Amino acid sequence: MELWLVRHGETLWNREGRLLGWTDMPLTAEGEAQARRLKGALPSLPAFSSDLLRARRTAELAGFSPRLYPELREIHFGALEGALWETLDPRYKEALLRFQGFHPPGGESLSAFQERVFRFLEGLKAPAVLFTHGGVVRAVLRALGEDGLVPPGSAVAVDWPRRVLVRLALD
């Protein structure tokens, strides 16, 4: 199934390097710029989006009117929301780097996050554009055997659940 996953435009915590999950941070001016550049670069297909502001706003500026789904939200970092990556305990850094065995207090475990994301994708019966988050794109890319790191405001097209089709980044 052809699915286009879009990582929302940048927020302040991107350059600040803070874990951004359910904290509802808005897009920065540049984030909105990145969003607008996406208009015309993404296929005209049904759209779905995380209900978090940064995702919804990216979808809007990109020219879409998505149906909202909390299932497309970034992982919930719990007590680690807002924590600087730099000062993150090595045990957490390792879990996030290896993408396994991560369960922050008051947050969501990586395994539960993957289950949530993959169940949502499984329900898509036709090609669509998904406005979501870095961790969601990473979960999908990693499950397809590839590095899941993509720039804010960029997109990836995949043939789910088989392979990555293309990675799109604009300047």
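Residue numbers run from 1 along the displayed sequence.
For the pair 53-61 and 132-140, the mean B factor over Cα atoms is greater in 53-61. Legend: mean Cα B-factor per stretch from the PDB entry, 75-83 versus 95-103; the higher mean is in 95-103.
Out of 33, 110, 126, 117, the entry records its largest CA B-factor for 33. In the PDB entry, a CA B factor belonging to the lowest third of its chain's modelled residues is recorded for residue 157. Among all modelled residues in this chain, the alpha-carbon of residue 42 has a temperature factor (C-alpha) in the middle third.
In the deposited entry, the Cα temperature factor of residue 151 sits in the top third of values across the chain's modelled residues. The PDB entry assigns residue 164 a C-alpha temperature factor belonging to the lowest third of its chain's modelled residues. When all modelled residues of the chain are sorted by CA temperature factor, residue 12 is found within the highest third.
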